[PDB]
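Structural characterization, general
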Amino acid sequence: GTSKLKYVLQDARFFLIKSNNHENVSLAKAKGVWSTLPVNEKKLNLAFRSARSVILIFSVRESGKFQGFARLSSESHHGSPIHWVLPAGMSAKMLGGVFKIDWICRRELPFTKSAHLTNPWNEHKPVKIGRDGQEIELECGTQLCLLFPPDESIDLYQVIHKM
Ligand SMILES: O=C1N=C2CCCCC2C(=O)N1
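Residues numbered from 1 in each chain as written, not as in the entry; some residues may be left out. Heavy atoms only, no water. Residues with missing side-chain atoms left out of burial classes, pairs and counts.

Judging from the entry metadata, X-ray crystallography is the method by which this structure was determined, and 2.31 Å is the reported resolution.

The protein chain has the name YTH domain-containing protein 1 in the PDB entry, where Homo sapiens is given as its organism. The title attached to this entry in the PDB is "Crystal structure of YTHDC1 with fragment 5 (DHU_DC1_066)".

Dropping the structure here:
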């Protein structure tokens, strides 16, 4: 059912994550971690102390899809190294701290199914459009997450307890 999901999302904040390759999103799914450049690191840390839920929604460039969404369970901290595949012109020290995350949905969602959702914080372009880190406004954020196929392998009871 959808009810506990609607509970987790209540008064959440949402952020579009754009990844260059599937390899890093797979690593995020397996280890429960994400890291960003300092510009986004700072904004995620503010949002983490400002809302009961900060949701990251992941998209792999050129995939035509979202790959799932997760909630932050900590602010960023500097631990066990993470063997990210780094783009041309980037090294591991340029990355910021490591955010812990609890996945809420690990299934895909194709852009064709979110083509009625516009993001007011990005000039009302379709929600799929946005730079890495772009905030998605509350109402669009919620409906985007509800569009995902349910992930019956996830139990939001433990997630609810961290709120
Ligand atoms: O915000 C970013 N997060 C990541 C995560 C993994 C390395 C590539 C990467 C990046 O280039 N930018």
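1. A look at the nonpolar core
By size, the foremost hydrophobic cluster in this structure holds 24 residues, and its most contacted members are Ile55, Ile57, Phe66, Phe69 and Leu144. Those elements giving two or more residues to this core turn out to be α1 (3-9), β1 (13-19), β3 (54-60), β4 (65-72), β5 (98-105), α4 (138-147) and α5 (156-162). With residues near it in sequence (within four places) discarded, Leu144 still touches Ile57, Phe66, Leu109, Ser114, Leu117, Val127 and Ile136. (Core = buried A, V, L, I, M, F, W, Y, C linked by side-chain atoms within 4.5 Å. Buried < 20%, exposed > 50% of the residue type's maximum accessible area, 1.4 Å probe, protein only. Helix = DSSP H or I, 4+ residues; strand = E, 2+ residues; numbered from the N terminus. Contact = heavy atoms within 4.5 Å.)

2. A look at the pattern of salt bridges
By the definition in use, this model includes 4 salt bridges. Across the pair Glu123 and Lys125 runs a salt bridge whose closest N-O atoms are separated by 4.0 Å. When its relative accessible area of 37% is taken as the criterion, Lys125 is described as partly exposed. (Salt bridge = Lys/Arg side-chain N within 4 Å of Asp/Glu carboxyl O.)

3. Thoughts on the side chain of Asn24
Within the secondary structure, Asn24 is located in helix α2 (residues 22-31). Taking relative accessible area as the criterion, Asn24 reaches 6% and is therefore assigned buried. Of note is the side chain of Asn24, whose polar atom sits 2.9 Å from the backbone nitrogen of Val85. (Polar contact = N/O pair within 3.5 Å; in protein donor to acceptor, adjacent residues only side chain to side chain.)

4. Topic: the site of the ligand
The environment of the ligand is made up of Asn24, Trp34, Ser35, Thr36, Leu37, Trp84, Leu86, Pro87, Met90, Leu95 and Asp132. Within the contact set of the ligand, a nitrogen atom lies 3.0 Å away from a backbone nitrogen or oxygen of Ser35. Protein burial of the ligand: of its 310 Å² of free accessible surface, 92% is covered by the chains. Classifying every residue of the shell around the ligand by side-chain character gives 7 nonpolar, 3 polar and 1 charged. (Near = heavy atom within 4 Å. Areas by Shrake-Rupley, 256 points an atom, 1.4 Å probe, with all protein chains shown as cover. Nonpolar A, V, L, I, M, F, W, Y, C, P; charged D, E, K, R; others polar.)

5. Digging into helix α3 (residues 38-50)
The end-to-end C-alpha distance of α3 is 18 Å, a good match for the 18 Å that 13 residues give at a rise of 1.5 Å each. Those residues of α3 lying buried are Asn40, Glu41, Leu44, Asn45 and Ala47. Down the axis, α3 shows its buried residues gathered within 170° of arc, on one side only. In α3, the exposed positions that point more than 90 degrees away from the buried face belong to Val39, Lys42, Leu46 and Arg49. Those residues of α3 that are buried are in contact with β1, β3, β4 and β5. (Expected span 1.5 Å × (residues − 1). Arc of directions from axis to C-beta.)

6. Side note on the side chain of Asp151
Topologically, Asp151 is positioned in the loop between α4 and α5. Buried charge without a salt bridge: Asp151, with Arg106 as the nearest opposite-charge side chain at an N-O distance of 5.3 Å. What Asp151 contacts, discounting residues up to four positions off in sequence, is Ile104, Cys105, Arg106 and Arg107. (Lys, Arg positive; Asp, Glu negative; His and termini not counted.)

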